[PDB]
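Undergrad: Provided below: model.txt, containing compact mmCIF, N, CA, C and O atoms.
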# COMPACT_ATOMS: atom_id res chain seq x y z
N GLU A 1 1.69 14.28 -5.79
CA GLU A 1 2.02 14.71 -7.18
C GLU A 1 2.82 13.59 -7.88
O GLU A 1 2.58 13.29 -9.06
N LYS A 2 3.75 12.96 -7.14
CA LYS A 2 4.57 11.84 -7.63
C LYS A 2 4.48 10.66 -6.65
O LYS A 2 4.27 10.86 -5.45
N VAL A 3 4.64 9.44 -7.18
CA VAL A 3 4.57 8.21 -6.38
C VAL A 3 5.99 7.80 -5.93
O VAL A 3 6.86 7.48 -6.76
N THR A 4 6.24 7.88 -4.61
CA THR A 4 7.47 7.40 -4.00
C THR A 4 7.48 5.86 -4.02
O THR A 4 6.69 5.23 -3.33
N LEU A 5 8.34 5.27 -4.87
CA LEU A 5 8.43 3.81 -5.04
C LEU A 5 9.59 3.25 -4.21
O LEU A 5 10.77 3.49 -4.51
N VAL A 6 9.22 2.54 -3.15
CA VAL A 6 10.15 1.88 -2.23
C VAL A 6 10.33 0.42 -2.68
O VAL A 6 9.35 -0.26 -3.01
N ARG A 7 11.59 -0.01 -2.74
CA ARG A 7 11.96 -1.39 -3.13
C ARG A 7 12.30 -2.20 -1.88
O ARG A 7 12.41 -1.64 -0.77
N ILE A 8 12.48 -3.52 -2.06
CA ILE A 8 12.93 -4.43 -0.99
C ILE A 8 14.32 -4.02 -0.47
O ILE A 8 14.60 -4.14 0.72
N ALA A 9 15.17 -3.50 -1.38
CA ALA A 9 16.51 -2.98 -1.04
C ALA A 9 16.41 -1.85 0.00
O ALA A 9 17.08 -1.88 1.04
N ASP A 10 15.52 -0.87 -0.28
CA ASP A 10 15.27 0.29 0.61
C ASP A 10 14.77 -0.17 1.98
O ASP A 10 15.21 0.33 3.02
N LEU A 11 13.86 -1.14 1.96
CA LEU A 11 13.23 -1.72 3.16
C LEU A 11 14.29 -2.31 4.13
O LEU A 11 14.26 -2.05 5.34
N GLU A 12 15.24 -3.07 3.55
CA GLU A 12 16.30 -3.76 4.31
C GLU A 12 17.37 -2.77 4.84
O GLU A 12 17.68 -2.75 6.04
N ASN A 13 17.93 -1.95 3.93
CA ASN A 13 19.08 -1.07 4.24
C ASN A 13 18.68 0.11 5.16
O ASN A 13 19.50 0.58 5.97
N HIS A 14 17.41 0.57 5.07
CA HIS A 14 16.91 1.69 5.91
C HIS A 14 16.69 1.22 7.36
O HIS A 14 16.78 2.01 8.30
N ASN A 15 16.41 -0.09 7.54
CA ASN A 15 16.34 -0.71 8.88
C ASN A 15 17.70 -0.59 9.60
O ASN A 15 17.76 -0.32 10.80
N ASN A 16 18.79 -0.77 8.83
CA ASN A 16 20.18 -0.60 9.32
C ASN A 16 20.47 0.89 9.62
O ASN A 16 21.25 1.21 10.53
N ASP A 17 19.84 1.79 8.85
CA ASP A 17 19.90 3.26 9.06
C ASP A 17 19.23 3.67 10.39
O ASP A 17 19.50 4.75 10.93
N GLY A 18 18.37 2.79 10.93
CA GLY A 18 17.71 3.01 12.23
C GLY A 18 16.22 3.24 12.11
O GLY A 18 15.54 3.52 13.10
N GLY A 19 15.70 3.13 10.87
CA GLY A 19 14.28 3.27 10.59
C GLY A 19 13.67 1.95 10.16
O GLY A 19 13.76 1.59 8.97
N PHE A 20 13.07 1.21 11.11
CA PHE A 20 12.40 -0.06 10.82
C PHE A 20 11.05 0.25 10.15
O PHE A 20 10.18 0.90 10.75
N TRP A 21 10.92 -0.20 8.90
CA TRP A 21 9.71 -0.04 8.09
C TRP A 21 8.96 -1.38 8.00
O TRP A 21 9.38 -2.38 8.59
N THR A 22 7.83 -1.37 7.28
CA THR A 22 7.08 -2.58 6.91
C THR A 22 6.25 -2.31 5.65
O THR A 22 5.97 -1.15 5.32
N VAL A 23 5.87 -3.38 4.95
CA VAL A 23 5.02 -3.31 3.75
C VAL A 23 3.62 -3.84 4.08
O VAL A 23 3.45 -5.03 4.37
N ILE A 24 2.63 -2.93 4.08
CA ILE A 24 1.20 -3.26 4.29
C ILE A 24 0.35 -2.39 3.33
O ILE A 24 0.62 -1.20 3.18
N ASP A 25 -0.65 -3.03 2.67
CA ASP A 25 -1.63 -2.35 1.77
C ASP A 25 -0.92 -1.73 0.53
O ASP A 25 -1.36 -0.73 -0.04
N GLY A 26 0.17 -2.40 0.10
CA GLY A 26 1.00 -1.93 -1.03
C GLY A 26 1.73 -0.62 -0.74
O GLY A 26 2.13 0.10 -1.65
N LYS A 27 1.88 -0.33 0.56
CA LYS A 27 2.51 0.90 1.07
C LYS A 27 3.59 0.54 2.08
O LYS A 27 3.62 -0.59 2.60
N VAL A 28 4.47 1.50 2.37
CA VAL A 28 5.55 1.34 3.34
C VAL A 28 5.37 2.37 4.46
O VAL A 28 5.37 3.58 4.19
N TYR A 29 5.20 1.88 5.69
CA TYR A 29 4.99 2.72 6.88
C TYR A 29 6.20 2.62 7.81
O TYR A 29 6.83 1.56 7.89
N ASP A 30 6.49 3.72 8.52
CA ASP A 30 7.61 3.80 9.47
C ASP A 30 7.15 3.28 10.84
O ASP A 30 6.47 4.00 11.59
N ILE A 31 7.52 2.03 11.14
CA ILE A 31 7.14 1.36 12.40
C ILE A 31 7.98 1.85 13.58
O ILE A 31 7.49 1.87 14.72
N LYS A 32 9.23 2.27 13.31
CA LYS A 32 10.16 2.76 14.36
C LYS A 32 9.55 4.01 15.03
O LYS A 32 9.51 4.11 16.26
N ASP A 33 9.08 4.95 14.21
CA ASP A 33 8.44 6.18 14.69
C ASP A 33 7.02 5.87 15.23
O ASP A 33 6.59 6.48 16.21
N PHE A 34 6.32 4.92 14.57
CA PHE A 34 4.96 4.47 14.97
C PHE A 34 4.92 4.06 16.45
O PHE A 34 4.10 4.55 17.23
N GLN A 35 5.84 3.16 16.82
CA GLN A 35 5.93 2.59 18.17
C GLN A 35 6.34 3.67 19.20
O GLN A 35 5.95 3.58 20.35
N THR A 36 7.11 4.69 18.75
CA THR A 36 7.50 5.83 19.61
C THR A 36 6.24 6.63 20.04
O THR A 36 6.12 7.05 21.20
N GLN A 37 5.30 6.81 19.09
CA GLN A 37 4.02 7.50 19.34
C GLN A 37 3.10 6.60 20.19
O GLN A 37 2.32 7.08 21.01
N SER A 38 3.23 5.28 19.99
CA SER A 38 2.48 4.26 20.74
C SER A 38 2.91 4.22 22.22
O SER A 38 2.12 3.85 23.09
N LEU A 39 4.17 4.61 22.48
CA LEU A 39 4.72 4.72 23.85
C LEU A 39 4.29 6.04 24.54
O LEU A 39 4.41 6.18 25.76
N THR A 40 3.80 7.00 23.73
CA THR A 40 3.38 8.32 24.22
C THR A 40 1.89 8.30 24.62
O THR A 40 1.04 7.93 23.79
N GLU A 41 1.59 8.69 25.87
CA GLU A 41 0.21 8.83 26.39
C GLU A 41 -0.54 9.94 25.62
O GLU A 41 0.08 10.92 25.16
N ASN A 42 -1.87 9.76 25.47
CA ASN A 42 -2.80 10.68 24.76
C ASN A 42 -2.67 10.59 23.23
O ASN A 42 -3.43 11.26 22.51
N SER A 43 -1.72 9.78 22.74
CA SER A 43 -1.59 9.47 21.31
C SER A 43 -2.60 8.37 20.94
O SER A 43 -2.92 7.52 21.77
N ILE A 44 -3.07 8.39 19.69
CA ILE A 44 -4.07 7.43 19.18
C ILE A 44 -3.55 5.97 19.21
O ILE A 44 -4.33 5.03 19.14
N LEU A 45 -2.21 5.81 19.28
CA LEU A 45 -1.55 4.49 19.25
C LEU A 45 -1.26 3.97 20.66
O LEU A 45 -0.84 2.82 20.82
N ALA A 46 -1.47 4.82 21.69
CA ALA A 46 -1.22 4.46 23.11
C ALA A 46 -2.22 3.39 23.60
O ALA A 46 -1.94 2.63 24.54
N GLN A 47 -3.40 3.35 22.96
CA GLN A 47 -4.43 2.31 23.19
C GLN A 47 -4.03 0.97 22.51
O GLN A 47 -4.54 -0.09 22.87
N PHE A 48 -3.13 1.06 21.51
CA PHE A 48 -2.59 -0.10 20.77
C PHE A 48 -1.16 -0.46 21.26
O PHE A 48 -0.47 -1.25 20.62
N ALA A 49 -0.74 0.12 22.40
CA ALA A 49 0.63 -0.03 22.94
C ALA A 49 0.90 -1.46 23.46
O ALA A 49 2.06 -1.90 23.49
N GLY A 50 -0.17 -2.17 23.86
CA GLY A 50 -0.06 -3.56 24.30
C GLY A 50 -0.03 -4.55 23.13
O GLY A 50 0.12 -5.76 23.33
N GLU A 51 -0.18 -4.02 21.90
CA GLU A 51 -0.19 -4.81 20.66
C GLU A 51 1.11 -4.57 19.87
O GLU A 51 1.72 -3.50 19.98
N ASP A 52 1.54 -5.59 19.10
CA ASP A 52 2.69 -5.50 18.18
C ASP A 52 2.49 -4.34 17.18
O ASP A 52 1.47 -4.32 16.50
N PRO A 53 3.45 -3.36 17.08
CA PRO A 53 3.30 -2.12 16.25
C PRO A 53 2.87 -2.36 14.78
O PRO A 53 2.13 -1.56 14.20
N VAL A 54 3.31 -3.49 14.19
CA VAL A 54 2.99 -3.86 12.79
C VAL A 54 1.50 -4.27 12.67
O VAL A 54 0.82 -3.91 11.70
N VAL A 55 1.00 -4.99 13.70
CA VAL A 55 -0.41 -5.43 13.79
C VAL A 55 -1.32 -4.24 14.14
O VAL A 55 -2.43 -4.08 13.61
N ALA A 56 -0.81 -3.40 15.05
CA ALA A 56 -1.49 -2.19 15.55
C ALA A 56 -1.65 -1.15 14.42
O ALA A 56 -2.59 -0.35 14.44
N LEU A 57 -0.72 -1.19 13.46
CA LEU A 57 -0.76 -0.36 12.24
C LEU A 57 -1.98 -0.73 11.38
O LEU A 57 -2.66 0.15 10.86
N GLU A 58 -2.24 -2.04 11.27
CA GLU A 58 -3.39 -2.59 10.50
C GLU A 58 -4.73 -2.18 11.13
O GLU A 58 -5.68 -1.82 10.43
N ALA A 59 -4.77 -2.22 12.48
CA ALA A 59 -5.93 -1.78 13.28
C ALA A 59 -6.13 -0.26 13.15
O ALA A 59 -7.27 0.24 13.19
N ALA A 60 -5.01 0.46 12.97
CA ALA A 60 -5.01 1.92 12.79
C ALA A 60 -5.48 2.31 11.37
O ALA A 60 -6.11 3.35 11.18
N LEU A 61 -5.15 1.46 10.37
CA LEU A 61 -5.63 1.62 8.98
C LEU A 61 -7.15 1.38 8.92
O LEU A 61 -7.89 2.10 8.23
N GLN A 62 -7.60 0.37 9.69
CA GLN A 62 -9.00 -0.06 9.75
C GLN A 62 -9.91 1.01 10.38
O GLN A 62 -11.02 1.25 9.90
N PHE A 63 -9.42 1.66 11.45
CA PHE A 63 -10.21 2.64 12.21
C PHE A 63 -10.06 4.05 11.59
O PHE A 63 -8.94 4.55 11.39
N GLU A 64 -11.22 4.69 11.31
CA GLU A 64 -11.34 5.95 10.54
C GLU A 64 -10.62 7.14 11.21
O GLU A 64 -10.12 8.03 10.52
N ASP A 65 -10.60 7.14 12.54
CA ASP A 65 -9.91 8.17 13.32
C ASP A 65 -8.39 8.05 13.13
O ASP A 65 -7.72 9.02 12.77
N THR A 66 -7.89 6.83 13.34
CA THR A 66 -6.46 6.56 13.45
C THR A 66 -5.74 6.50 12.08
O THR A 66 -4.51 6.63 12.02
N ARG A 67 -6.52 6.36 10.97
CA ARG A 67 -5.94 6.22 9.61
C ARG A 67 -5.41 7.56 9.06
O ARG A 67 -4.69 7.60 8.06
N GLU A 68 -5.75 8.65 9.76
CA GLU A 68 -5.35 10.02 9.40
C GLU A 68 -3.87 10.28 9.73
O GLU A 68 -3.16 10.94 8.96
N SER A 69 -3.41 9.74 10.86
CA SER A 69 -1.99 9.82 11.27
C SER A 69 -1.14 8.81 10.49
O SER A 69 0.08 8.95 10.43
N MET A 70 -1.78 7.79 9.88
CA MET A 70 -1.09 6.79 9.03
C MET A 70 -0.51 7.46 7.77
O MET A 70 0.45 6.96 7.18
N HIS A 71 -1.11 8.61 7.37
CA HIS A 71 -0.61 9.47 6.27
C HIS A 71 0.77 10.07 6.61
O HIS A 71 1.55 10.40 5.71
N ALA A 72 1.04 10.23 7.91
CA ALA A 72 2.34 10.72 8.42
C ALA A 72 3.40 9.60 8.40
O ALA A 72 4.57 9.86 8.12
N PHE A 73 2.97 8.35 8.68
CA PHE A 73 3.89 7.19 8.76
C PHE A 73 4.17 6.60 7.37
O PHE A 73 5.22 5.98 7.17
N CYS A 74 3.25 6.80 6.40
CA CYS A 74 3.40 6.27 5.04
C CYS A 74 4.50 7.05 4.29
O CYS A 74 4.28 8.18 3.84
N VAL A 75 5.69 6.43 4.21
CA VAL A 75 6.86 7.00 3.53
C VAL A 75 6.62 7.04 2.01
O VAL A 75 7.01 8.00 1.33
N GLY A 76 5.96 5.99 1.49
CA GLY A 76 5.60 5.91 0.08
C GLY A 76 4.90 4.60 -0.27
O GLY A 76 4.53 3.84 0.63
N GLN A 77 4.69 4.38 -1.57
CA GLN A 77 4.10 3.14 -2.11
C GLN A 77 5.20 2.10 -2.37
O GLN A 77 6.25 2.44 -2.92
N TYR A 78 4.95 0.85 -1.97
CA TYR A 78 5.86 -0.26 -2.26
C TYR A 78 5.56 -0.79 -3.67
O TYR A 78 4.40 -0.96 -4.04
N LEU A 79 6.63 -1.06 -4.43
CA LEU A 79 6.53 -1.70 -5.74
C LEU A 79 7.69 -2.70 -5.85
O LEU A 79 8.86 -2.32 -5.70
N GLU A 80 7.35 -3.97 -6.09
CA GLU A 80 8.31 -5.08 -6.14
C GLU A 80 9.20 -5.01 -7.41
O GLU A 80 8.73 -4.56 -8.47
N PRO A 81 10.52 -5.43 -7.31
CA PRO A 81 11.43 -5.55 -8.47
C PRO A 81 10.80 -6.36 -9.63
O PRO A 81 10.80 -5.93 -10.79
N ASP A 82 10.22 -7.53 -9.27
CA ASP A 82 9.61 -8.48 -10.23
C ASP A 82 8.33 -7.90 -10.88
O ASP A 82 8.10 -8.09 -12.07
N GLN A 83 7.54 -7.17 -10.06
CA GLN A 83 6.17 -6.73 -10.41
C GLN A 83 6.13 -5.85 -11.67
O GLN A 83 5.29 -6.06 -12.55
N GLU A 84 7.04 -4.87 -11.77
CA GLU A 84 7.10 -3.96 -12.94
C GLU A 84 8.02 -4.50 -14.04
O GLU A 84 8.07 -3.94 -15.14
N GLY A 85 8.75 -5.59 -13.73
CA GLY A 85 9.70 -6.21 -14.67
C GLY A 85 9.15 -7.47 -15.33
O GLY A 85 9.91 -8.32 -15.79
N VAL A 86 7.81 -7.56 -15.41
CA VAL A 86 7.11 -8.70 -16.02
C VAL A 86 5.98 -8.21 -16.94
O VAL A 86 5.27 -7.25 -16.60
N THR A 87 5.83 -8.85 -18.11
CA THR A 87 4.65 -8.69 -18.97
C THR A 87 3.61 -9.74 -18.56
O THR A 87 3.88 -10.95 -18.54
N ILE A 88 2.43 -9.26 -18.14
CA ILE A 88 1.34 -10.12 -17.66
C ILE A 88 0.24 -10.20 -18.74
O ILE A 88 -0.43 -9.20 -19.01
N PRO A 89 0.07 -11.39 -19.42
CA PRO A 89 -1.09 -11.65 -20.30
C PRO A 89 -2.40 -11.68 -19.48
O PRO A 89 -2.38 -12.03 -18.28
N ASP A 90 -3.52 -11.31 -20.11
CA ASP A 90 -4.83 -11.27 -19.45
C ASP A 90 -5.38 -12.70 -19.26
O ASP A 90 -6.12 -13.24 -20.09
N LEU A 91 -4.93 -13.33 -18.17
CA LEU A 91 -5.32 -14.71 -17.78
C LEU A 91 -5.72 -14.75 -16.29
O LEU A 91 -6.41 -15.69 -15.86
N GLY A 92 -5.28 -13.74 -15.51
CA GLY A 92 -5.67 -13.62 -14.11
C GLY A 92 -7.07 -13.02 -13.96
O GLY A 92 -8.07 -13.78 -13.97
Could you render the structure from this file as structure tokens?
TA:
Amino acid sequence: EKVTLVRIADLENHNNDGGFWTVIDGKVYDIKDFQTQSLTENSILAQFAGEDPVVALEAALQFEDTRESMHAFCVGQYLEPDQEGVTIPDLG
């Protein structure tokens, strides 16, 4: 219904809160909880447990089965401070 806009500030300070996040596909996913599920047998991420959780997230986005649980890890959409604070002329 509403777009959760995560900033670079949120990304940094929430890591100190104990929730390590990352920015992929213009979205912010919870890697701390991701890797916990990856350590759990019979979980879709247990096959990606030998891979780095941030890279394994991309493989999980790519695969149609595993992208369904990515909806659970996606805290919100990432939007940069600079990105909405600039007027862009039609030249790109």
Undergrad: Please, what distance in Å, to one decimal, runs between atom O of residue A:29 and atom N of residue A:74?
TA: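 Calculated distance between atom O of residue A:29 and atom N of residue A:74 is 6.5 Å.
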Undergrad: Could you pull out the helix (DSSP H, G or I) residues of chain A from DSSP and send them as a ChimeraX atom specification?
TA: /A:8-17,31-38,46-48,53-62,66-68,70-73
Undergrad: Measure the distance from atom CA of residue A:6 to atom CA of residue A:80 in Å and round it to one decimal.
TA: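 According to the coordinates, atom CA of residue A:6 and atom CA of residue A:80 are separated by 8.2 Å.
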Undergrad: A:86, A:32, A:63, A:48: which is nearest residue A:15, counting only C-alpha atoms?
TA: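 Result for the nearest residue to residue A:15: A:32.
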Undergrad: Which residue, A:69, A:3, A:54, A:44, has the smallest gap to residue A:31 when you use all atoms listed in the file?
TA: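 Ranked by minimum distance to residue A:31, first place goes to A:54.
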Undergrad: Please, what distance in Å, to one decimal, runs between atom N of residue A:51 and atom N of residue A:66?
TA: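 Spanning atom N of residue A:51 to atom N of residue A:66 is a straight-line distance of 15.8 Å.
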Undergrad: Between A:17, A:25, A:10, A:1, which has the minimum distance to residue A:78 (counting all atoms listed in the file)?
TA: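 Checking each of A:17, A:25, A:10, A:1 against residue A:78, counting all atoms listed in the file, the winner is A:25.
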Undergrad: Per DSSP on the backbone, what are the strand (DSSP E) residues of chain A, as a PDB file with N, CA, C and O atoms, in the coordinates of the input?
TA:
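The result, stored in states23.pdb:
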ATOM      1  N   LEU A   5       8.340   5.270  -4.870  1.00  0.00           N
ATOM      2  CA  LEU A   5       8.430   3.810  -5.040  1.00  0.00           C
ATOM      3  C   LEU A   5       9.590   3.250  -4.210  1.00  0.00           C
ATOM      4  O   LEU A   5      10.770   3.490  -4.510  1.00  0.00           O
ATOM      5  N   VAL A   6       9.220   2.540  -3.150  1.00  0.00           N
ATOM      6  CA  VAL A   6      10.150   1.880  -2.230  1.00  0.00           C
ATOM      7  C   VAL A   6      10.330   0.420  -2.680  1.00  0.00           C
ATOM      8  O   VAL A   6       9.350  -0.260  -3.010  1.00  0.00           O
ATOM      9  N   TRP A  21      10.920  -0.200   8.900  1.00  0.00           N
ATOM     10  CA  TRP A  21       9.710  -0.040   8.090  1.00  0.00           C
ATOM     11  C   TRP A  21       8.960  -1.380   8.000  1.00  0.00           C
ATOM     12  O   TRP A  21       9.380  -2.380   8.590  1.00  0.00           O
ATOM     13  N   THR A  22       7.830  -1.370   7.280  1.00  0.00           N
ATOM     14  CA  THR A  22       7.080  -2.580   6.910  1.00  0.00           C
ATOM     15  C   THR A  22       6.250  -2.310   5.650  1.00  0.00           C
ATOM     16  O   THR A  22       5.970  -1.150   5.320  1.00  0.00           O
ATOM     17  N   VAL A  23       5.870  -3.380   4.950  1.00  0.00           N
ATOM     18  CA  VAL A  23       5.020  -3.310   3.750  1.00  0.00           C
ATOM     19  C   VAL A  23       3.620  -3.840   4.080  1.00  0.00           C
ATOM     20  O   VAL A  23       3.450  -5.030   4.370  1.00  0.00           O
ATOM     21  N   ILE A  24       2.630  -2.930   4.080  1.00  0.00           N
ATOM     22  CA  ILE A  24       1.200  -3.260   4.290  1.00  0.00           C
ATOM     23  C   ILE A  24       0.350  -2.390   3.330  1.00  0.00           C
ATOM     24  O   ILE A  24       0.620  -1.200   3.180  1.00  0.00           O
ATOM     25  N   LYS A  27       1.880  -0.330   0.560  1.00  0.00           N
ATOM     26  CA  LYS A  27       2.510   0.900   1.070  1.00  0.00           C
ATOM     27  C   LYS A  27       3.590   0.540   2.080  1.00  0.00           C
ATOM     28  O   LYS A  27       3.620  -0.590   2.600  1.00  0.00           O
ATOM     29  N   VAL A  28       4.470   1.500   2.370  1.00  0.00           N
ATOM     30  CA  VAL A  28       5.550   1.340   3.340  1.00  0.00           C
ATOM     31  C   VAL A  28       5.370   2.370   4.460  1.00  0.00           C
ATOM     32  O   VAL A  28       5.370   3.580   4.190  1.00  0.00           O
ATOM     33  N   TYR A  29       5.200   1.880   5.690  1.00  0.00           N
ATOM     34  CA  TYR A  29       4.990   2.720   6.880  1.00  0.00           C
ATOM     35  C   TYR A  29       6.200   2.620   7.810  1.00  0.00           C
ATOM     36  O   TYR A  29       6.830   1.560   7.890  1.00  0.00           O
ATOM     37  N   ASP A  30       6.490   3.720   8.520  1.00  0.00           N
ATOM     38  CA  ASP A  30       7.610   3.800   9.470  1.00  0.00           C
ATOM     39  C   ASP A  30       7.150   3.280  10.840  1.00  0.00           C
ATOM     40  O   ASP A  30       6.470   4.000  11.590  1.00  0.00           O
ATOM     41  N   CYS A  74       3.250   6.800   6.400  1.00  0.00           N
ATOM     42  CA  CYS A  74       3.400   6.270   5.040  1.00  0.00           C
ATOM     43  C   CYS A  74       4.500   7.050   4.290  1.00  0.00           C
ATOM     44  O   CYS A  74       4.280   8.180   3.840  1.00  0.00           O
ATOM     45  N   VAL A  75       5.690   6.430   4.210  1.00  0.00           N
ATOM     46  CA  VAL A  75       6.860   7.000   3.530  1.00  0.00           C
ATOM     47  C   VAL A  75       6.620   7.040   2.010  1.00  0.00           C
ATOM     48  O   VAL A  75       7.010   8.000   1.330  1.00  0.00           O
ATOM     49  N   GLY A  76       5.960   5.990   1.490  1.00  0.00           N
ATOM     50  CA  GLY A  76       5.600   5.910   0.080  1.00  0.00           C
ATOM     51  C   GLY A  76       4.900   4.600  -0.270  1.00  0.00           C
ATOM     52  O   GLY A  76       4.530   3.840   0.630  1.00  0.00           O
ATOM     53  N   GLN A  77       4.690   4.380  -1.570  1.00  0.00           N
ATOM     54  CA  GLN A  77       4.100   3.140  -2.110  1.00  0.00           C
ATOM     55  C   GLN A  77       5.200   2.100  -2.370  1.00  0.00           C
ATOM     56  O   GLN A  77       6.250   2.440  -2.920  1.00  0.00           O
ATOM     57  N   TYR A  78       4.950   0.850  -1.970  1.00  0.00           N
ATOM     58  CA  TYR A  78       5.860  -0.260  -2.260  1.00  0.00           C
ATOM     59  C   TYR A  78       5.560  -0.790  -3.670  1.00  0.00           C
ATOM     60  O   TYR A  78       4.400  -0.960  -4.040  1.00  0.00           O
TER      61      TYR A  78
END
Undergrad: A:24, A:57, A:5, A:88: which is nearest residue A:37, counting only C-alpha atoms?
TA: A:57
Undergrad: Find the residues near residue A:28: any atom within 7 Å, counting all atoms listed in the file, skip ones fewer than 5 places away on the same chain, and give them as a list in words.
TA: residues 21, 22, 23, 70, 73, 74, 75, 76, 77 and 78 of chain A
Undergrad: Selected residues, N, CA, C and O atoms, written as a short mmCIF file (atom, residue, chain, number, x, y, z; two decimals), in the frame of the given file, please.
TA:
data_model
loop_
_atom_site.label_atom_id
_atom_site.label_comp_id
_atom_site.auth_asym_id
_atom_site.auth_seq_id
_atom_site.Cartn_x
_atom_site.Cartn_y
_atom_site.Cartn_z
N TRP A 21 10.92 -0.20 8.90
CA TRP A 21 9.71 -0.04 8.09
C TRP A 21 8.96 -1.38 8.00
O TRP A 21 9.38 -2.38 8.59
N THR A 22 7.83 -1.37 7.28
CA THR A 22 7.08 -2.58 6.91
C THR A 22 6.25 -2.31 5.65
O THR A 22 5.97 -1.15 5.32
N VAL A 23 5.87 -3.38 4.95
CA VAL A 23 5.02 -3.31 3.75
C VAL A 23 3.62 -3.84 4.08
O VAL A 23 3.45 -5.03 4.37
N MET A 70 -1.78 7.79 9.88
CA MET A 70 -1.09 6.79 9.03
C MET A 70 -0.51 7.46 7.77
O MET A 70 0.45 6.96 7.18
N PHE A 73 2.97 8.35 8.68
CA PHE A 73 3.89 7.19 8.76
C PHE A 73 4.17 6.60 7.37
O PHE A 73 5.22 5.98 7.17
N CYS A 74 3.25 6.80 6.40
CA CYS A 74 3.40 6.27 5.04
C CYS A 74 4.50 7.05 4.29
O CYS A 74 4.28 8.18 3.84
N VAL A 75 5.69 6.43 4.21
CA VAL A 75 6.86 7.00 3.53
C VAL A 75 6.62 7.04 2.01
O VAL A 75 7.01 8.00 1.33
N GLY A 76 5.96 5.99 1.49
CA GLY A 76 5.60 5.91 0.08
C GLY A 76 4.90 4.60 -0.27
O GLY A 76 4.53 3.84 0.63
N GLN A 77 4.69 4.38 -1.57
CA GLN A 77 4.10 3.14 -2.11
C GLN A 77 5.20 2.10 -2.37
O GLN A 77 6.25 2.44 -2.92
N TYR A 78 4.95 0.85 -1.97
CA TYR A 78 5.86 -0.26 -2.26
C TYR A 78 5.56 -0.79 -3.67
O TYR A 78 4.40 -0.96 -4.04
#
Undergrad: For residue A:56, which residue among A:38, A:13, A:4, A:87 is the nearest when counting only C-alpha atoms?
TA: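 Once distances to residue A:56 are computed over only C-alpha atoms, the minimum belongs to A:38.
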